[PDB]
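Protein chains in written order, with the authors' numbering: chain D, 265 to 396; chain A, 1 to 281. Some notes on the structure that comes next.
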């Protein structure tokens, strides 16, 4: 399903300096030290706690049992078939509609064409021939 | 007694060692390196016989970045265990005017050391980030050799600033009948514990090699700046983040325009004189 995957990688690699250099971040906060190390060393290879058990001795004498992964679990789409969402009713928290200074919000928005995903008006009226 | 550190004004190397500041910073570089047997790599079948000096023109020619005249095997008279040394520390194979040689242990130690220094560009010395790590390790934690867990900056204040003259009154400084008993201790198979006791006690060589590792890092770093407090003759000069932003020697011709093979000399130096402090092979 090759894709914006690499572009997404590069974007998220960029969207951390706005977090690891400035304050007010999800750095929580030690990821700073770990990420600064990883960015400043170039020599060590950082292996999660599993792989280190296998990388024994005969390579780069520069490594470390890294841990404390960043928590971002992203889903993967199936084949070209589309995706459906089942917007919920149960929750514990809320999200804001238009900025906390104003009433009614209006998202004047574009539209899709008809040469894209079409519109069928054919109403399926029959199963097997008996129903006729 | 070691040398009056000159500035146009005398010194005793002790004021000039308590003159500085070594202050740490953020970004713990949890990157504890490991030592290494210092790769003596001695060999060649073409020596220079005669009276080769071994103290002052020796140390100057080798570590003062003076003429890079190929500075080769001339020390190769450090193999051949039957050579001798005359008290002025002239290494020879024929003591001419009835002059006397030193006792044995002294000879063994001195030959050991210069033997380690013989033939650089055939030595396979380790990359320099690690040697910077060990140097700052020593001069920060002391002779205990705990890993850094941080990073360090060095700053000097008030010198009639002449770091070139620092390197100079190095050029004029003797060391052999200062570090002889130390390598003597390492020759007859003592152990880390007692030699650490020794270096703690005597403290004449402690100050010396503190200064020496300091000078080599300030000569091989590149995060270096200087300034003169223009109200008096007093330079403050700093070197910032010594171990993270340095991977090769320097060429900024504003601080100390340092060549190459003498730089690998210097790293061999700090390697081979910090060797006996640390743990096993």
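Even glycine gets a Cβ: it sits at the ideal position worked out from N, Cα and C.
Note on residue 389 (chain D): under 16 other CB atoms within 10 angstroms of its CB, so exposed under the neighbour-count rule.
Around residue 274 (chain A), the same chain offers 134 and 138 as residues with beta carbons nearer than 7 angstroms, after the five sequence neighbours per side are excluded. Rounded to the nearest angstrom, the Cβ distance from residue 23 (chain A) to residue 155 (chain A) is 7 angstroms, consistent with a contact under 8 angstroms.
Across the stretch 279-303 of chain D, CB contacts with chain A closer than 9 angstroms involve 296, 297, 298, 300 and 301, in sequence order along the chain. Taking residue 301 (chain D) as reference, the option from A:195, A:27 and A:50 with the minimal CA-CA separation is A:27.
For residue 305 (chain D), the neighbours in chain A by C-beta distance under 7 angstroms run, in chain order, 31. Taking C-beta atoms under 8 angstroms as the contact rule, residue 242 (chain A) and residue 221 (chain A) qualify, at a distance of about 6 angstroms. In the three-state scheme derived from DSSP, where H, G and I count as helix and E and B as strand, residue 296 (chain D) is classed as helix. Residue 27 (chain A) reaches chain D at 297, 300, 301 and 304, counting residues in chain order whose Cβ is nearer than 8 angstroms. DSSP, reduced to helix, strand and coil, places residue 387 (chain D) outside both helices and strands of the structure shown, so it counts as coil. If you look at residue 171 (chain A), you'll find it in the alpha helix (DSSP H) that goes 163-171. For residue 335 (chain D), the closest alpha carbon among the candidates D:290, D:356 and D:272 is that of D:290. Residue 108 (chain A) and residue 187 (chain A) do touch by the CB rule: their CB atoms are close to 5 angstroms apart, below 8 angstroms. Any Cβ of chain A closer than 8 angstroms to the Cβ of residue 342 (chain D) would place that residue at the interface, and such an atom is absent.
Taking one beta carbon from each stretch, the stretch 143-150 of chain A and the stretch 225-236 of chain A have fewer than 3 pairs nearer than 8 angstroms; the two do not touch.
Against chain A, the CB of residue 308 (chain D) has a partner CB under 8 angstroms away; the residue lies at that interface. Between the stretch 41-51 of chain A and the stretch 174-182 of chain A there are fewer than three C-beta pairs closer than 8 angstroms, too few to call the two in contact. Per DSSP, residue 368 (chain D) lies in no alpha helix (DSSP H) and is assigned neither H nor E.
Under the Cβ distance rule, residue 244 (chain A) counts among the residues neighbouring chain D, one pair being separated by less than 8 angstroms. Residue state for residue 230 (chain A) is assigned as strand, using DSSP reduced to three classes. Per DSSP, the unbroken beta strand (DSSP E) holding residue 86 (chain A) starts and ends at 84-86. Contact fails between the stretch 93-106 of chain A and the stretch 206-213 of chain A, because fewer than three Cβ pairs, one in each stretch, are under 8 angstroms apart. Along the length of the stretch 194-255 of chain A, whole alpha helix (DSSP H) runs at least 4 residues long occupy 204-220, reported in chain order. Membership of residue 176 (chain A) in the alpha helix (DSSP H) is indicated by the continuous run 176-187. With contacts defined as CB atoms closer than 8 angstroms, residue 267 (chain A) and residue 128 (chain A) qualify as a contacting pair. Here residue 266 (chain D) has no same chain residue with a Cβ atom under 7 angstroms from its own Cβ, once five neighbours each way along the sequence are excluded.
In the three-state reduction of the DSSP assignment, residue 312 (chain D) falls in the strand class. For residue 263 (chain A), the enclosing alpha helix (DSSP H) starts and ends at 261-274.
Residue pairing by DSSP puts residue 327 (chain D) in a beta bridge opposite D:309.
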